[PDB]
Amino acid sequence: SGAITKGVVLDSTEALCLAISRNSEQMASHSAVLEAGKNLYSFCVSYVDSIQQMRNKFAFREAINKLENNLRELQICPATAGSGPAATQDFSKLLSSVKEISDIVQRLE
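If you're matching positions, the sequence shown starts at 31 in the authors' numbering and goes up one per residue.
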């Protein structure tokens, strides 16, 4: 994927975003946005090591962290989320998290 940059990172944030958009086209799979989710957090995390900004790296980086704990709750969990009957499929949070990260890098580098 090159050397892992914001450009590559974006493609990863979008690709997964579509995976979430796929959970409506035909159910798809929660492990799609999740699997792609981890890969993205991975590129970003290894990409922040190039942030020259410094006191601004925290901004973008922390956003990445959000995706970290975002996928975490997105995994499966004991039963807090869905004990069975209640499913609720609105991953708009993953949406706010992604947009945020990008929103920072562009106004950062």
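By construction, the Cβ of each residue, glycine as well, lies at the ideal position given by its N, Cα and C atoms.
Taking its Cβ as the centre, do 16 or more other Cβ atoms sit within 10 Å of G67, making it buried, or is it exposed?
Taking the first residue of the sequence shown as position 1, residue 67 is located at position 37. So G67 counts as buried.
Around the C-beta of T110, are 16 or more other C-beta atoms found within 10 angstroms, so that it is buried, or is it exposed?
Within the sequence shown, the letter at position 80 stands for residue 110. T110 should be labelled exposed.
Hey, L125 and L97: beta-carbon distance below 8 Å or not?
As a first step, residue 125 is located in the sequence shown; it is residue number 95 there, counting from the start. As a first step, residue 97 is located in the sequence shown; it is residue number 67 there, counting from the start. Contact: no.
Whether or not the region 53-68 and the region 101-115 are in contact is what I'm after, with contact meaning three or more pairs of Cβ atoms, one per stretch, closer than 8 Å; do they touch?
Yes: at least three Cβ pairs fall under 8 Å.
Anyone know if the C-beta pair for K87 and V75 falls short of 8 Å?
Within the sequence shown, numbered from 1, the residue matching residue 87 stands at position 57. Within the sequence shown, numbered from 1, the residue matching residue 75 stands at position 45. No, Cβ-Cβ distance for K87 and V75 is not below 8 Å.
Where do the ends of the alpha helix (DSSP H) carrying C47 lie?
On the sequence shown, position 17 is the one that residue 47 refers to. Run containing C47: 36-52, per the alpha helix (DSSP H) assignment.
Does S31 come out as helix, strand or coil in the three-state DSSP assignment?
The residue you call residue 31 lines up with position 1 of the sequence shown. Of the three classes helix, strand and coil, the one that applies to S31 here is coil, per DSSP.
Do you know offhand how far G32's Cα is from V38's?
Translated into the one-based positions of the sequence shown, residue 32 becomes position 2. Translated into the one-based positions of the sequence shown, residue 38 becomes position 8. One C-alpha to the other measures close to 8 Å.
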